[PDB]
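A.B. asks: Take this structure first; my questions come after.
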Amino acid sequence: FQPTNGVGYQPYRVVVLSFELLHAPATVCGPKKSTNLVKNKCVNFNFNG
Amino acid sequence: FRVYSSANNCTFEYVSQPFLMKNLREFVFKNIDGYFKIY
């Protein structure tokens, strides 16, 4: 190899994280980005679901 | 320490809570749908 190897010959680092869901702990959540809190107003709330 | 020799293949881990405890200490254990409830 060389410090400036070209495409097709230079090293290729890969992450192949696998997705699975079975009787094993199904710890799947959502992209719930936390938001601000308000009070004394008719509003819609999602408290941990 | 005559508990065990090794672990080999393993799974989820948890090690924390260095907390202590005429007196009684009740204990209830149960497992449902893969969740091990303890009281």
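In this analysis, Cβ positions are derived from the backbone assuming ideal geometry, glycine residues included, and neighbour counts consider all displayed protein chains. Read the figures in this text as sums done on the coordinates, not as results from a lab.
A.B. asks: How large, in Å, is chain A by the Kirkwood hydrodynamic radius built from its alpha-carbon pairs?
C.D. replies: Radius from the Kirkwood sum: 17.0 Å.
A.B. asks: For A:24-31, what's the mean count of beta carbons from other chains sitting within 10 Å of each residue's beta carbon? If you can, show how the numbers build up before the last one.
C.D. replies: Working: counts 3, 4, 2, 1, 0, 0, 0, 0.
Average per residue, whole number: 1.
A.B. asks: In debye to the nearest 20, how big a dipole does the protein assembly as shown give about its Cα centre with +1 on each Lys and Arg Cβ and -1 on each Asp and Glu Cβ?
C.D. replies: 460
A.B. asks: Now for a separate question. Would you mind putting A:7-14, A:19-26 in packing order, based on average other-beta-carbon counts within 10 Å, highest first?
C.D. replies: Descending packing order for the listed peptides: A:19-26, A:7-14.
A.B. asks: For the range B:5-30 and chain A, what is the separation of their C-alpha centers, rounded to whole Å?
C.D. replies: So the separation of the two Cα centres works out to 30 Å.
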